[PDB]
Amino acid sequence: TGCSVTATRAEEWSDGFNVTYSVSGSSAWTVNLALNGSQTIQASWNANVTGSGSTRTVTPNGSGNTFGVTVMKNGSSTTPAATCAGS
């Protein structure tokens with residue numbers, strides 16, 4: 001009974017990959033992004049993403065259920081983890 005966000009690696013290179021999490025189920029949802037290792041958030045869009053350490057809270061703008069952000073592989077080309085909840 002909550003938002004069902006999903007992940008999907010889109011772009012990628014020897015520095016970071018543009019992950020694309022697709023939200024589906026509701027508009028008022030929250031996808032807590034969690035980079036891996038020392039990864040970091042180089043950029044994002046389709047949603048207000050922000051953080052300060054190893055996790056960033058994602059939020060829908062009103063027409064971008066699916067968001068996308070660059071993942072500073074920094075020695076890690078694995079996709080980050082994302083969770084959601086109905087509020």
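What is the number of the single condition among (1) touching a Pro at 6+ places or on another chain (Cβ under 8 Å); (2) surrounded by 19 or more Cβ atoms within 10 Å (Cβ to Cβ) that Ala28 does not meet?
(2)
If only one of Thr8, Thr40, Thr70 is crowded, with 18+ Cβ neighbours inside 10 Å and either of a type outside the set (D, E, K, R) or free of Cβ contacts under 8 Å to residues at least 12 places away in the same chain (or both), which one is it? Give the steps one after another, and end with the answer.
Details: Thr8 fails: crowded, with 18+ Cβ neighbours inside 10 Å; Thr40 fails: crowded, with 18+ Cβ neighbours inside 10 Å.
That would be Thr70, the only listed residue that is crowded, with 18+ Cβ neighbours inside 10 Å and either of a type outside the set (D, E, K, R) or free of Cβ contacts under 8 Å to residues at least 12 places away in the same chain (or both).
Specify which of the listed residues (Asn65, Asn18, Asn46) is surrounded by 14 or more Cβ atoms within 10 Å (Cβ to Cβ) and on the phi > 0 side of the Ramachandran plot.
Selected residue: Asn46, the only one of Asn65, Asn18, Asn46 that is surrounded by 14 or more Cβ atoms within 10 Å (Cβ to Cβ) and on the phi > 0 side of the Ramachandran plot.
Go through the stretch 24-37 and count every residue that is closer than 15 Å to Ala81 by Cβ and assigned to a loop (DSSP other than H, G, I, E, B).
5
State yes or no: is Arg56 of a type outside the set (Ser, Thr, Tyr) and within 9 Å of the chain's Cα centre (by Cα)?
Considered against the rule, which asks whether it is of a type outside the set (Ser, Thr, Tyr) and within 9 Å of the chain's Cα centre (by Cα), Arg56 comes out as yes.
Can you confirm whether the stretch 4-21 contains a residue that is part of a loop (DSSP other than H, G, I, E, B) and touching a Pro at 6+ places or on another chain (Cβ under 9 Å)?
yes
Name the pairs: first residue in the stretch 74-87 and on the phi > 0 side of the Ramachandran plot, second residue assigned to a loop (DSSP other than H, G, I, E, B) and small (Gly, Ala, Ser), Cβ to Cβ under 8 Å, at least 6 apart or on different chains?
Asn74/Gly37; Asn74/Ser38; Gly75/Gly37; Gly75/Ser38
Readers should treat all values here as calculations from the given coordinates under stated rules, not as data from a laboratory. Quick reminder, even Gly has a Cβ in these numbers, built from the backbone with ideal geometry, and neighbours come from all protein chains shown.
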